[PDB]
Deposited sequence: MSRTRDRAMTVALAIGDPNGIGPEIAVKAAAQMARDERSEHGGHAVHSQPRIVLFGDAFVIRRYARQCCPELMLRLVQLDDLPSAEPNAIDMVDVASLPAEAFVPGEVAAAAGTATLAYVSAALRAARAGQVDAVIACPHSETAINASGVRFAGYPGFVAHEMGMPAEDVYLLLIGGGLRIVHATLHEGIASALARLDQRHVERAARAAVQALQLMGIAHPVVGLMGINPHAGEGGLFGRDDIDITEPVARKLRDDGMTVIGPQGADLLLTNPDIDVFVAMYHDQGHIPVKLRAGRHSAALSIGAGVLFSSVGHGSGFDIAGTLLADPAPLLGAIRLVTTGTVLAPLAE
């Protein structure tokens, strides 16, 4: 099949629009979201048709930036407010079944400050849910791990965990992988306790949370391995995606394997989301000097669930 991927062009005065058009020109999934006048500046410079666009380079005009403000590259309140307008519109499109994945192109933290930014939670807000219901899916070195809990003290995460998060984390990951072309993803649930509690010997958290969720998912047809001690489970190459119960459980193995050749998307909000930004290339903006590679990386991540090494 083909996913449709929205690229929100990022800071209009930055490098985003340039790499967004560059990525789209090269190009099994692409619909740009941004001020059409901003995108056109860059397209003419290196190109094909551009159609304002239901379905059928394609772009959706999201009107934000005063023309007066378009100068590559400084930024202003308006260009910071625009970056988020584009993301907002791309997420609205996802809500309307139009778009499968949203990629946020590089932005400027100083411009967003100027306007009156942090995506996973901005995404959560827009989508009508708390931050805790969006889950980080970390990919690299042939591993894909969604995290039921993330940035907090491990004594706090253990307390947050319940059947709801583990079930929502697993279903979101299956659906993501299905969109990615993995028809029947094998899910691996990591044990909360070592050895997934060893028949109650190490406590009853797995008996309470991951065992009942495992049974429920299997009854809805999914193939689910576990819960099993994470140290055994991750040795199994037959698993397509793993549910880690806390930050370190999934961050250690991906980073050990892949190091820097890894990347993240957020799932659970009813869209595959990722961000590209290592800042807006302001001092090279306009010049067409931007390389699209990091962005083609994110497209690859959301459509394939792999990271090249």
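Which runs of the deposited chain sequence never show up in the coordinates?
Model skips 1 to 6, 34 to 48, 51, 70 to 71, 78 to 82, 86 to 89, 150 to 152, 346 to 349 of the deposited chain.
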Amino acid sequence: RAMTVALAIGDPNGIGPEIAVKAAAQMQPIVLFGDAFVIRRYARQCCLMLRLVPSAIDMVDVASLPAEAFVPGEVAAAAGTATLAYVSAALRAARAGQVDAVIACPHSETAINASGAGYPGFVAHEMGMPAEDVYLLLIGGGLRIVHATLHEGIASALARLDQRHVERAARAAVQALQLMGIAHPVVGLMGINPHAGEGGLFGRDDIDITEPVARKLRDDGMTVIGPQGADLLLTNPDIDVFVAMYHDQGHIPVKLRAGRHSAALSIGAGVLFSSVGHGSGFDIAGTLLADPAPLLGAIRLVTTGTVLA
From here on, numbers count along this sequence of modelled residues.
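Hey, which bit's got the bigger mean C-alpha B factor in the entry, 215 to 223 or 95 to 103?
The entry gives the higher C-alpha B-factor average to 95 to 103.
For the stretches 86 to 94 and 149 to 157, which has the higher mean C-alpha B-factor as given in the deposited record?
On average, C-alpha B-factors are higher across 86 to 94.
Sort 75, 192, 166, 187 by C-alpha B-factor from the entry and give me just the highest.
Answer, based on the entry's C-alpha B-factors: 75.
Report the option among 120, 199, 140, 237 whose CA atom has the maximum B-factor in the deposited record.
Top of the list by C-alpha B-factor: 120.
Looking at the temperature factor on the CA atom of residue 126, which third of the chain's modelled residues does it land in?
Within its chain, residue 126 is a highest-third residue by C-alpha B-factor, going by the deposited values.
Which third of the chain does residue 178 land in by C-alpha B-factor: lowest, middle or highest?
Middle third of the chain for residue 178's C-alpha B-factor.
C-alpha B factor of residue 64, ranked within the chain: lowest, middle or highest third?
Highest third - that is where residue 64 ends up once the chain's C-alpha B-factors are sorted.
Sorting the chain's CA B-factors, does residue 282 end up in the lowest, middle or highest third?
CA B-factor rank for residue 282: highest third.
With respect to C-alpha B-factor, does residue 243 fall in the lowest, middle or highest third of the chain as deposited?
It falls in the bottom third of the chain.
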